[PDB]
């Protein structure tokens, strides 16, 4: 029902999802002069099992890669967390132009796209569906993607998109460790926030990497060539899916 278009996009979401105007909404601009270093943060540790890669799915507004989440084979730990979070998905956001496709910004600087690697709290909760609405339920690593050289690490993913061109299509996507997509250093910022699209629950601990990764102009074009319509209907490109930044409302962004 909601989308990213003028009629149903971010500026309209608060009508059906009032929490859009809440105190812990994402994404945010990270003003580096205002970050606070927390001596209790530990380094991030990611430990993903490539055999957990399962399927790629076109969901109309975006696409994602899911990973088997029945057990703790693939986990994020460290950082601000006291226990491990289980990997379940990764996806991207992009924009209509290379100039602004990221959701998070840094000192007002907009990147071309953004990678999200999503996990849920399997220490405290027993399912993604339980964890999704809890303040401590989800942990998402964000990586800002700077347009420039083509990124070869994206290749398996981009090559798969031909199999999921229209809304609802899905295909097997196996033997893939998405830590291969992360930057070499996992220095990061963390703040309490939300899902960036409806239902916008304030359930996400964000881990935003200090270091960016690359993406080419033509790789971004491949994202925008996915279609938001169902097969047989007239082709409608998925041109953009990034939410604008939202007020900090007194939250602190912590620096590792």
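Positions refer to the first chain, counted from 1.
- For the pair 137 to 145 and 80 to 88, the record assigns the higher mean C-alpha temperature factor to 80 to 88.
- When the two stretches 199 to 207 and 45 to 53 are set side by side, the higher mean Cα temperature factor goes to 45 to 53.
- Of the candidates 155, 102, 121, 179, the deposited coordinates give 155 the top C-alpha B factor.
- For the set 212, 33, 58, 190, the PDB entry assigns the largest Cα B-factor to 33.
- Residue-level temperature factors show residue 114 in the lowest third of its chain, judged at the C-alpha atom.
- Ranked by C-alpha B-factor against the other modelled residues of its chain, residue 161 falls in the middle third.
- For residue 22, the recorded CA temperature factor ranks within the middle third of the chain's modelled residues.
- Residue 241: CA B factor lies in the lowest third for its chain, per the PDB record.
- Among all modelled residues in this chain, the alpha-carbon of residue 186 has a temperature factor (C-alpha) in the middle third.
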